[PDB]
Amino acid sequence: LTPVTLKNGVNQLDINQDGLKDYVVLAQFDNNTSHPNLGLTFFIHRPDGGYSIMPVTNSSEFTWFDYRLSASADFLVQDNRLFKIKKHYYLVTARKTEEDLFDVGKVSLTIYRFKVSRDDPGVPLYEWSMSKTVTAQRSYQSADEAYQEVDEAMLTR
Amino acid sequence: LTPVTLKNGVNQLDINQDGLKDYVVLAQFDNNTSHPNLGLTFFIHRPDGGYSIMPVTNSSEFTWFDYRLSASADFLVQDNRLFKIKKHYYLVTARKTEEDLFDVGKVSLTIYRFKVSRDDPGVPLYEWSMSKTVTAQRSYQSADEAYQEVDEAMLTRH
Ligand code: NA
Ligand code: NA
């Protein structure tokens, strides 16, 4: 188990383990605040030379953004982070789940697998598909603190 | 006007023309239909080394997609294309404007120019800002056909 660090911009990773390097692009949306929201955009390299942009699950968006409560305090309400076991990549969303998002609180970790669907019309060819949601053991100020609990048994089924 | 030649994937182009290469990513949304939806995603290189993802104007999205009337249609209702005049880049959206999208019809061309809005409250730092919309002078089956009318005079403000 490795959490996967990402460089600003293009990261060449082989998310679907087929020998062609894909892109994970790490960028931020700058709309002029102290803590711009970082977003991840996934592009799967196709053998025909095209790049297939992956959707956000349960969304019409194609970039996975972090979320912060307002312009102001330095903590995350929602975060995303990539993990890898051997050749397999997993995307994990950490989210503060209590009503008072400002306080130290419970955090849910949603584990997504890479899923290829080749088959049903109108379904994405390449998507992140939920495998497991767990509640972190500790309460935290910032969602990203929960990733310190992620281990091999939590990612796999 | 010949459009900007994009390769599939990352195109390293200096969109705001400040000397730092930015990314224009050409990709497709594959959703088990007869046609992929082609999309452009823009990332502006910042001095601190970060990349700033540009929003789609008047939208919650961050990729500019082409659009068809239905899964199997062999024409576009909406397209986007990059052009360049001297050092400036212009994003041009072609859209079929009539309710009856299936028939040959009027197409609009919305020209966007690059705009920086620095330290301005809650406004995107980097955006495509509408310069002008023009109605193409011929009616077309597919919106991308109207790019044949694009020229220097259409693109630049002065
Ligand atoms: Na790959
Ligand atoms: Na630039």
# chains A, B, ... in the order shown; residues from 1 in each chain; ligands from 1
$ residues_near_ligand --ligand "ligand 2" --cutoff "6 Å" --atoms "only C-alpha atoms and all ligand atoms" --output "number ranges by chain"
B: 14-22, 44-45
$ closest_atom_pairs --of "chain A" --to "ligand 1" --cutoff "8 Å" --atoms "only C-alpha atoms and all ligand atoms" --output "JSON lines"
{"residue": "A:13", "atom": "CA", "partner": "ligand 1", "partner_atom_place_in_ligand_line": "1 (Na)", "distance": 7.4}
{"residue": "A:14", "atom": "CA", "partner": "ligand 1", "partner_atom_place_in_ligand_line": "1 (Na)", "distance": 4.4}
{"residue": "A:15", "atom": "CA", "partner": "ligand 1", "partner_atom_place_in_ligand_line": "1 (Na)", "distance": 5.5}
{"residue": "A:16", "atom": "CA", "partner": "ligand 1", "partner_atom_place_in_ligand_line": "1 (Na)", "distance": 4.8}
{"residue": "A:17", "atom": "CA", "partner": "ligand 1", "partner_atom_place_in_ligand_line": "1 (Na)", "distance": 5.4}
{"residue": "A:18", "atom": "CA", "partner": "ligand 1", "partner_atom_place_in_ligand_line": "1 (Na)", "distance": 5.0}
{"residue": "A:19", "atom": "CA", "partner": "ligand 1", "partner_atom_place_in_ligand_line": "1 (Na)", "distance": 5.7}
{"residue": "A:20", "atom": "CA", "partner": "ligand 1", "partner_atom_place_in_ligand_line": "1 (Na)", "distance": 3.9}
{"residue": "A:21", "atom": "CA", "partner": "ligand 1", "partner_atom_place_in_ligand_line": "1 (Na)", "distance": 4.6}
{"residue": "A:22", "atom": "CA", "partner": "ligand 1", "partner_atom_place_in_ligand_line": "1 (Na)", "distance": 4.8}
{"residue": "A:44", "atom": "CA", "partner": "ligand 1", "partner_atom_place_in_ligand_line": "1 (Na)", "distance": 5.8}
{"residue": "A:45", "atom": "CA", "partner": "ligand 1", "partner_atom_place_in_ligand_line": "1 (Na)", "distance": 5.4}
{"residue": "A:46", "atom": "CA", "partner": "ligand 1", "partner_atom_place_in_ligand_line": "1 (Na)", "distance": 7.3}
$ closest_residue --among "A:153, A:107, A:25, A:125" --to "chain B" --atoms "only C-alpha atoms"
A:125
$ select_by_dssp --residues "segment 9-109 of chain B" --states "strand (DSSP E or B)" --output "NGL selection string"
:B and (9-13 or 22-29 or 37-45 or 51-53 or 64-65 or 67 or 78-85 or 88-96 or 105 or 107-109)
$ closest_atom_pairs --of "chain A" --to "chain B" --cutoff "7 Å" --atoms "only C-alpha atoms" --output "JSON lines"
{"residue": "A:8", "atom": "CA", "partner": "B:50", "partner_atom": "CA", "distance": 5.4}
{"residue": "A:9", "atom": "CA", "partner": "B:51", "partner_atom": "CA", "distance": 5.8}
{"residue": "A:27", "atom": "CA", "partner": "B:51", "partner_atom": "CA", "distance": 4.8}
{"residue": "A:28", "atom": "CA", "partner": "B:52", "partner_atom": "CA", "distance": 4.9}
{"residue": "A:29", "atom": "CA", "partner": "B:53", "partner_atom": "CA", "distance": 5.4}
{"residue": "A:30", "atom": "CA", "partner": "B:125", "partner_atom": "CA", "distance": 5.5}
{"residue": "A:31", "atom": "CA", "partner": "B:124", "partner_atom": "CA", "distance": 4.0}
{"residue": "A:32", "atom": "CA", "partner": "B:119", "partner_atom": "CA", "distance": 5.5}
{"residue": "A:33", "atom": "CA", "partner": "B:122", "partner_atom": "CA", "distance": 7.0}
{"residue": "A:49", "atom": "CA", "partner": "B:8", "partner_atom": "CA", "distance": 6.8}
{"residue": "A:50", "atom": "CA", "partner": "B:8", "partner_atom": "CA", "distance": 5.4}
{"residue": "A:51", "atom": "CA", "partner": "B:27", "partner_atom": "CA", "distance": 4.9}
{"residue": "A:52", "atom": "CA", "partner": "B:28", "partner_atom": "CA", "distance": 5.0}
{"residue": "A:53", "atom": "CA", "partner": "B:29", "partner_atom": "CA", "distance": 5.4}
{"residue": "A:54", "atom": "CA", "partner": "B:29", "partner_atom": "CA", "distance": 6.9}
{"residue": "A:61", "atom": "CA", "partner": "B:61", "partner_atom": "CA", "distance": 5.9}
{"residue": "A:118", "atom": "CA", "partner": "B:32", "partner_atom": "CA", "distance": 6.7}
{"residue": "A:119", "atom": "CA", "partner": "B:32", "partner_atom": "CA", "distance": 6.9}
{"residue": "A:120", "atom": "CA", "partner": "B:32", "partner_atom": "CA", "distance": 6.5}
{"residue": "A:121", "atom": "CA", "partner": "B:32", "partner_atom": "CA", "distance": 4.8}
{"residue": "A:122", "atom": "CA", "partner": "B:31", "partner_atom": "CA", "distance": 5.0}
{"residue": "A:123", "atom": "CA", "partner": "B:31", "partner_atom": "CA", "distance": 5.0}
{"residue": "A:124", "atom": "CA", "partner": "B:31", "partner_atom": "CA", "distance": 4.0}
{"residue": "A:125", "atom": "CA", "partner": "B:31", "partner_atom": "CA", "distance": 5.3}
$ residues_around --residues "segment 126-137 of chain A" --least-positions-apart "5" --cutoff "7 Å" --atoms "only C-alpha atoms" --output "number ranges by chain"
A: 54-55, 57, 106-117, 146
$ write_last_selection --atoms "C-alpha atoms" --output "PDB file, in the first residue's frame"
ATOM      1  CA  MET A  54     -13.338   9.843 -16.861  1.00  0.00           C
ATOM      2  CA  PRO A  55     -16.581  11.223 -15.293  1.00  0.00           C
ATOM      3  CA  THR A  57     -19.219   9.299 -10.131  1.00  0.00           C
ATOM      4  CA  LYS A 106     -16.648  12.021  12.012  1.00  0.00           C
ATOM      5  CA  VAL A 107     -15.220  11.407   8.574  1.00  0.00           C
ATOM      6  CA  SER A 108     -16.371   8.815   5.990  1.00  0.00           C
ATOM      7  CA  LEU A 109     -13.971   7.236   3.562  1.00  0.00           C
ATOM      8  CA  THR A 110     -15.464   6.088   0.266  1.00  0.00           C
ATOM      9  CA  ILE A 111     -13.287   3.718  -1.691  1.00  0.00           C
ATOM     10  CA  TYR A 112     -13.675   3.679  -5.452  1.00  0.00           C
ATOM     11  CA  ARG A 113     -12.444   0.966  -7.840  1.00  0.00           C
ATOM     12  CA  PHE A 114     -11.513   1.433 -11.504  1.00  0.00           C
ATOM     13  CA  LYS A 115     -14.242  -0.157 -13.617  1.00  0.00           C
ATOM     14  CA  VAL A 116     -14.373  -0.776 -17.373  1.00  0.00           C
ATOM     15  CA  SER A 117     -17.792  -1.282 -18.921  1.00  0.00           C
ATOM     16  CA  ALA A 146      -8.478  10.457   8.048  1.00  0.00           C
TER      17      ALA A 146
END
$ residues_around --residues "residue 88 of chain B" --least-positions-apart "4" --cutoff "12 Å" --atoms "only C-alpha atoms" --output "PyMOL selection string"
chain B and resi 4+13-18+82-84+112-115+152+155-157
$ residues_around --residues "residue 67 of chain A" --least-positions-apart "6" --cutoff "12 Å" --atoms "only C-alpha atoms" --output "JSON list (two decimals) with N, CA, C and O atoms, in the first residue's frame"
[["chain", "number", "residue", "atom", "x", "y", "z"],
["A", 28, "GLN", "N", -5.77, 23.35, -9.64],
["A", 28, "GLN", "CA", -6.68, 23.97, -8.73],
["A", 28, "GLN", "C", -7.56, 24.93, -9.43],
["A", 28, "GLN", "O", -7.19, 25.45, -10.41],
["A", 29, "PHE", "N", -8.74, 25.14, -8.89],
["A", 29, "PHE", "CA", -9.64, 26.16, -9.39],
["A", 29, "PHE", "C", -9.33, 27.39, -8.56],
["A", 29, "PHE", "O", -9.66, 27.44, -7.38],
["A", 35, "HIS", "N", -7.29, 29.48, -0.19],
["A", 35, "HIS", "CA", -7.11, 28.05, -0.30],
["A", 35, "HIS", "C", -7.95, 27.66, -1.49],
["A", 35, "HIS", "O", -9.14, 27.41, -1.37],
["A", 36, "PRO", "N", -7.36, 27.74, -2.68],
["A", 36, "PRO", "CA", -8.03, 27.22, -3.87],
["A", 36, "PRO", "C", -8.30, 25.73, -3.73],
["A", 36, "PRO", "O", -7.52, 24.99, -3.12],
["A", 37, "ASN", "N", -9.39, 25.28, -4.35],
["A", 37, "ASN", "CA", -9.76, 23.89, -4.31],
["A", 37, "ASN", "C", -8.98, 23.12, -5.37],
["A", 37, "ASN", "O", -9.05, 23.44, -6.54],
["A", 38, "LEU", "N", -8.24, 22.12, -4.93],
["A", 38, "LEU", "CA", -7.53, 21.19, -5.81],
["A", 38, "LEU", "C", -8.51, 20.22, -6.41],
["A", 38, "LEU", "O", -9.41, 19.73, -5.77],
["A", 39, "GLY", "N", -8.31, 19.96, -7.69],
["A", 39, "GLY", "CA", -9.13, 19.02, -8.42],
["A", 39, "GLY", "C", -8.26, 18.02, -9.19],
["A", 39, "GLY", "O", -7.14, 18.35, -9.66],
["A", 73, "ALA", "N", -11.18, 29.24, 6.92],
["A", 73, "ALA", "CA", -10.40, 28.35, 7.80],
["A", 73, "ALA", "C", -9.57, 27.33, 7.00],
["A", 73, "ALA", "O", -10.02, 26.91, 5.95],
["A", 74, "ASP", "N", -8.36, 26.97, 7.46],
["A", 74, "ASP", "CA", -7.53, 26.00, 6.69],
["A", 74, "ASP", "C", -7.84, 24.54, 7.10],
["A", 74, "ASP", "O", -7.04, 23.89, 7.79],
["A", 75, "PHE", "N", -9.02, 24.05, 6.68],
["A", 75, "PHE", "CA", -9.31, 22.64, 6.75],
["A", 75, "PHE", "C", -10.25, 22.25, 5.56],
["A", 75, "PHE", "O", -10.98, 23.06, 5.02],
["A", 76, "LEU", "N", -10.24, 20.96, 5.24],
["A", 76, "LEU", "CA", -11.05, 20.39, 4.19],
["A", 76, "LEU", "C", -12.24, 19.66, 4.72],
["A", 76, "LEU", "O", -12.17, 18.95, 5.72],
["A", 77, "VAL", "N", -13.38, 19.95, 4.13],
["A", 77, "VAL", "CA", -14.60, 19.19, 4.36],
["A", 77, "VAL", "C", -14.68, 17.93, 3.49],
["A", 77, "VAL", "O", -15.23, 16.93, 3.92],
["A", 78, "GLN", "N", -14.19, 18.03, 2.26],
["A", 78, "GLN", "CA", -14.08, 16.86, 1.40],
["A", 78, "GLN", "C", -12.73, 16.85, 0.71],
["A", 78, "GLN", "O", -12.25, 17.91, 0.24],
["A", 79, "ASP", "N", -12.14, 15.65, 0.54],
["A", 79, "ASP", "CA", -10.85, 15.51, -0.11],
["A", 79, "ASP", "C", -10.88, 14.25, -0.96],
["A", 79, "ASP", "O", -11.73, 13.38, -0.79],
["A", 80, "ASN", "N", -9.95, 14.16, -1.89],
["A", 80, "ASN", "CA", -9.77, 12.98, -2.66],
["A", 80, "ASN", "C", -8.30, 12.59, -2.64],
["A", 80, "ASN", "O", -7.43, 13.47, -2.70],
["A", 93, "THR", "N", -12.34, 9.05, -1.33],
["A", 93, "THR", "CA", -12.91, 10.37, -0.98],
["A", 93, "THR", "C", -13.06, 10.38, 0.54],
["A", 93, "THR", "O", -13.60, 9.39, 1.10],
["A", 94, "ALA", "N", -12.52, 11.39, 1.20],
["A", 94, "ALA", "CA", -12.74, 11.58, 2.64],
["A", 94, "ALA", "C", -13.70, 12.75, 2.85],
["A", 94, "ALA", "O", -13.55, 13.84, 2.22],
["A", 95, "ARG", "N", -14.74, 12.56, 3.66],
["A", 95, "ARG", "CA", -15.76, 13.62, 3.78],
["A", 95, "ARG", "C", -16.19, 13.76, 5.23],
["A", 95, "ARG", "O", -16.48, 12.73, 5.86],
["A", 96, "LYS", "N", -16.20, 15.00, 5.74],
["A", 96, "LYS", "CA", -16.78, 15.26, 7.10],
["A", 96, "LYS", "C", -18.28, 15.07, 7.02],
["A", 96, "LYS", "O", -18.92, 15.69, 6.15],
["A", 101, "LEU", "N", -19.93, 21.29, 10.30],
["A", 101, "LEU", "CA", -18.75, 20.95, 9.52],
["A", 101, "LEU", "C", -17.52, 21.68, 10.04],
["A", 101, "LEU", "O", -16.40, 21.32, 9.69],
["A", 142, "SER", "N", -10.01, 18.08, 9.86],
["A", 142, "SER", "CA", -9.88, 18.19, 8.43],
["A", 142, "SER", "C", -10.01, 16.79, 7.81],
["A", 142, "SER", "O", -9.39, 15.83, 8.29],
["A", 143, "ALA", "N", -10.84, 16.67, 6.76],
["A", 143, "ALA", "CA", -11.10, 15.36, 6.20],
["A", 143, "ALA", "C", -9.86, 14.60, 5.83],
["A", 143, "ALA", "O", -9.82, 13.32, 5.93],
["A", 144, "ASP", "N", -8.87, 15.31, 5.32],
["A", 144, "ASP", "CA", -7.65, 14.64, 4.84],
["A", 144, "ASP", "C", -6.89, 13.91, 5.97],
["A", 144, "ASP", "O", -6.11, 13.01, 5.72]]
$ atom_distance --atom1 "atom CA of residue 150 of chain A" --atom2 "atom CA of residue 62 of chain A"
25.0 Å
$ closest_residue --among "B:69, B:76, B:143, B:92" --to "residue 40 of chain B" --atoms "only C-alpha atoms"
B:92
$ closest_residue --among "B:146, B:151, B:110, B:70" --to "residue 133 of chain B" --atoms "only C-alpha atoms"
B:110
$ residues_around --residues "residue 3 of chain A" --least-positions-apart "4" --cutoff "9 Å" --atoms "only C-alpha atoms" --output "list in words"
residues 81, 82, 83, 84, 147 and 150 of chain A
$ write_last_selection --atoms "N, CA and C atoms" --output "short mmCIF file (atom, residue, chain, number, x, y, z; two decimals), in the first residue's frame"
data_model
loop_
_atom_site.label_atom_id
_atom_site.label_comp_id
_atom_site.auth_asym_id
_atom_site.auth_seq_id
_atom_site.Cartn_x
_atom_site.Cartn_y
_atom_site.Cartn_z
N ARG A 81 -8.01 11.28 -2.63
CA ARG A 81 -6.63 10.87 -2.66
C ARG A 81 -6.53 9.50 -3.34
N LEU A 82 -5.51 9.36 -4.15
CA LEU A 82 -5.26 8.10 -4.88
C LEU A 82 -4.34 7.18 -4.07
N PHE A 83 -4.67 5.88 -4.00
CA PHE A 83 -3.86 4.86 -3.39
C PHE A 83 -3.60 3.74 -4.40
N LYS A 84 -2.56 2.96 -4.17
CA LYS A 84 -2.18 1.91 -5.09
C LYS A 84 -1.80 0.71 -4.28
N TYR A 147 -6.98 9.96 6.21
CA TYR A 147 -6.31 9.07 5.25
C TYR A 147 -5.19 8.34 5.96
N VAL A 150 -6.05 4.76 6.38
CA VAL A 150 -6.31 3.87 5.27
C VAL A 150 -5.24 2.75 5.27
#
$ residues_around --residues "residue 137 of chain B" --least-positions-apart "4" --cutoff "9 Å" --atoms "only C-alpha atoms" --output "list in words"
residues 106, 107, 146 and 149 of chain B
$ decode --residues "segment 83-116 of chain A" --atoms "N, CA, C and O atoms" --output "JSON list (two decimals), in the first residue's frame"
[["chain", "number", "residue", "atom", "x", "y", "z"],
["A", 83, "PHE", "N", -4.67, 5.88, -4.00],
["A", 83, "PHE", "CA", -3.86, 4.86, -3.39],
["A", 83, "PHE", "C", -3.60, 3.74, -4.40],
["A", 83, "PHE", "O", -4.29, 3.61, -5.37],
["A", 84, "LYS", "N", -2.56, 2.96, -4.17],
["A", 84, "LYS", "CA", -2.18, 1.91, -5.09],
["A", 84, "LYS", "C", -1.80, 0.71, -4.28],
["A", 84, "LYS", "O", -1.12, 0.85, -3.24],
["A", 85, "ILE", "N", -2.25, -0.47, -4.71],
["A", 85, "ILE", "CA", -1.71, -1.77, -4.16],
["A", 85, "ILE", "C", -1.23, -2.54, -5.39],
["A", 85, "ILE", "O", -2.03, -2.88, -6.26],
["A", 86, "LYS", "N", 0.06, -2.79, -5.46],
["A", 86, "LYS", "CA", 0.67, -3.48, -6.60],
["A", 86, "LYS", "C", 0.35, -2.70, -7.87],
["A", 86, "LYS", "O", 0.79, -1.56, -8.01],
["A", 87, "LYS", "N", -0.44, -3.26, -8.78],
["A", 87, "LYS", "CA", -0.76, -2.54, -9.99],
["A", 87, "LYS", "C", -2.10, -1.79, -9.92],
["A", 87, "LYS", "O", -2.38, -1.00, -10.82],
["A", 88, "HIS", "N", -2.89, -2.06, -8.89],
["A", 88, "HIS", "CA", -4.29, -1.59, -8.77],
["A", 88, "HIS", "C", -4.36, -0.24, -8.08],
["A", 88, "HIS", "O", -3.85, -0.09, -6.96],
["A", 89, "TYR", "N", -5.06, 0.71, -8.72],
["A", 89, "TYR", "CA", -5.29, 2.02, -8.15],
["A", 89, "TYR", "C", -6.69, 2.13, -7.61],
["A", 89, "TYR", "O", -7.65, 1.55, -8.12],
["A", 90, "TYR", "N", -6.83, 2.89, -6.51],
["A", 90, "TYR", "CA", -8.13, 3.15, -5.86],
["A", 90, "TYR", "C", -8.18, 4.64, -5.57],
["A", 90, "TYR", "O", -7.21, 5.22, -5.11],
["A", 91, "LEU", "N", -9.34, 5.21, -5.78],
["A", 91, "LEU", "CA", -9.59, 6.58, -5.42],
["A", 91, "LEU", "C", -10.44, 6.59, -4.13],
["A", 91, "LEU", "O", -11.46, 5.93, -4.03],
["A", 92, "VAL", "N", -10.04, 7.41, -3.20],
["A", 92, "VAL", "CA", -10.68, 7.43, -1.87],
["A", 92, "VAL", "C", -11.09, 8.87, -1.59],
["A", 92, "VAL", "O", -10.25, 9.78, -1.53],
["A", 93, "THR", "N", -12.34, 9.05, -1.33],
["A", 93, "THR", "CA", -12.91, 10.37, -0.98],
["A", 93, "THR", "C", -13.06, 10.38, 0.54],
["A", 93, "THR", "O", -13.60, 9.39, 1.10],
["A", 94, "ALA", "N", -12.52, 11.39, 1.20],
["A", 94, "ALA", "CA", -12.74, 11.58, 2.64],
["A", 94, "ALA", "C", -13.70, 12.75, 2.85],
["A", 94, "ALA", "O", -13.55, 13.84, 2.22],
["A", 95, "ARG", "N", -14.74, 12.56, 3.66],
["A", 95, "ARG", "CA", -15.76, 13.62, 3.78],
["A", 95, "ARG", "C", -16.19, 13.76, 5.23],
["A", 95, "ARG", "O", -16.48, 12.73, 5.86],
["A", 96, "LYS", "N", -16.20, 15.00, 5.74],
["A", 96, "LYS", "CA", -16.78, 15.26, 7.10],
["A", 96, "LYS", "C", -18.28, 15.07, 7.02],
["A", 96, "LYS", "O", -18.92, 15.69, 6.15],
["A", 97, "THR", "N", -18.83, 14.19, 7.84],
["A", 97, "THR", "CA", -20.26, 13.84, 7.73],
["A", 97, "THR", "C", -21.24, 14.53, 8.76],
["A", 97, "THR", "O", -22.46, 14.43, 8.59],
["A", 98, "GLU", "N", -20.76, 15.17, 9.80],
["A", 98, "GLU", "CA", -21.62, 15.83, 10.79],
["A", 98, "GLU", "C", -22.27, 17.12, 10.27],
["A", 98, "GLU", "O", -21.85, 17.69, 9.26],
["A", 99, "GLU", "N", -23.33, 17.59, 10.96],
["A", 99, "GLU", "CA", -24.08, 18.79, 10.54],
["A", 99, "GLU", "C", -23.21, 20.06, 10.71],
["A", 99, "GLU", "O", -23.14, 20.92, 9.82],
["A", 100, "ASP", "N", -22.47, 20.10, 11.80],
["A", 100, "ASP", "CA", -21.53, 21.20, 12.09],
["A", 100, "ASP", "C", -20.14, 20.87, 11.53],
["A", 100, "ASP", "O", -19.31, 20.25, 12.19],
["A", 101, "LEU", "N", -19.93, 21.29, 10.30],
["A", 101, "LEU", "CA", -18.75, 20.95, 9.52],
["A", 101, "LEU", "C", -17.52, 21.68, 10.04],
["A", 101, "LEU", "O", -16.40, 21.32, 9.69],
["A", 102, "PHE", "N", -17.74, 22.69, 10.88],
["A", 102, "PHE", "CA", -16.63, 23.36, 11.48],
["A", 102, "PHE", "C", -15.93, 22.57, 12.60],
["A", 102, "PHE", "O", -14.75, 22.80, 12.85],
["A", 103, "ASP", "N", -16.65, 21.75, 13.34],
["A", 103, "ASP", "CA", -16.07, 21.15, 14.48],
["A", 103, "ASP", "C", -15.30, 19.91, 14.10],
["A", 103, "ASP", "O", -15.51, 19.37, 13.02],
["A", 104, "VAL", "N", -14.51, 19.42, 15.04],
["A", 104, "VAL", "CA", -13.87, 18.09, 14.93],
["A", 104, "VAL", "C", -14.99, 17.11, 14.89],
["A", 104, "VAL", "O", -15.97, 17.30, 15.59],
["A", 105, "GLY", "N", -14.93, 16.13, 13.98],
["A", 105, "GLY", "CA", -16.03, 15.31, 13.70],
["A", 105, "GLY", "C", -15.72, 14.07, 12.92],
["A", 105, "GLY", "O", -14.62, 13.87, 12.51],
["A", 106, "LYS", "N", -16.75, 13.27, 12.74],
["A", 106, "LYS", "CA", -16.65, 12.02, 12.01],
["A", 106, "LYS", "C", -16.34, 12.28, 10.52],
["A", 106, "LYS", "O", -16.80, 13.23, 9.94],
["A", 107, "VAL", "N", -15.61, 11.33, 9.97],
["A", 107, "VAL", "CA", -15.22, 11.41, 8.57],
["A", 107, "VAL", "C", -15.49, 10.04, 7.94],
["A", 107, "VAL", "O", -15.16, 9.00, 8.55],
["A", 108, "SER", "N", -16.13, 10.03, 6.76],
["A", 108, "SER", "CA", -16.37, 8.81, 5.99],
["A", 108, "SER", "C", -15.35, 8.73, 4.89],
["A", 108, "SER", "O", -14.93, 9.75, 4.34],
["A", 109, "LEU", "N", -14.90, 7.51, 4.65],
["A", 109, "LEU", "CA", -13.97, 7.24, 3.56],
["A", 109, "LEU", "C", -14.71, 6.35, 2.59],
["A", 109, "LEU", "O", -15.16, 5.26, 2.97],
["A", 110, "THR", "N", -14.83, 6.83, 1.35],
["A", 110, "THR", "CA", -15.46, 6.09, 0.27],
["A", 110, "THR", "C", -14.35, 5.64, -0.69],
["A", 110, "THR", "O", -13.60, 6.47, -1.21],
["A", 111, "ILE", "N", -14.26, 4.35, -0.84],
["A", 111, "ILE", "CA", -13.29, 3.72, -1.69],
["A", 111, "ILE", "C", -13.90, 3.41, -3.04],
["A", 111, "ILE", "O", -14.95, 2.77, -3.11],
["A", 112, "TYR", "N", -13.28, 3.92, -4.09],
["A", 112, "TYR", "CA", -13.68, 3.68, -5.45],
["A", 112, "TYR", "C", -12.68, 2.76, -6.14],
["A", 112, "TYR", "O", -11.52, 2.96, -6.12],
["A", 113, "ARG", "N", -13.21, 1.71, -6.71],
["A", 113, "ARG", "CA", -12.44, 0.97, -7.84],
["A", 113, "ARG", "C", -12.64, 1.55, -9.35],
["A", 113, "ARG", "O", -13.70, 2.02, -9.84],
["A", 114, "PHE", "N", -11.53, 1.31, -10.07],
["A", 114, "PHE", "CA", -11.51, 1.43, -11.50],
["A", 114, "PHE", "C", -12.32, 0.33, -12.13],
["A", 114, "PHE", "O", -12.08, -0.82, -11.92],
["A", 115, "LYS", "N", -13.25, 0.74, -12.96],
["A", 115, "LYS", "CA", -14.24, -0.16, -13.62],
["A", 115, "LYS", "C", -14.36, 0.14, -15.10],
["A", 115, "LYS", "O", -14.51, 1.29, -15.50],
["A", 116, "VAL", "N", -14.20, -0.89, -15.92],
["A", 116, "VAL", "CA", -14.37, -0.78, -17.37],
["A", 116, "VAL", "C", -15.65, -1.44, -17.76],
["A", 116, "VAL", "O", -15.92, -2.58, -17.30]]
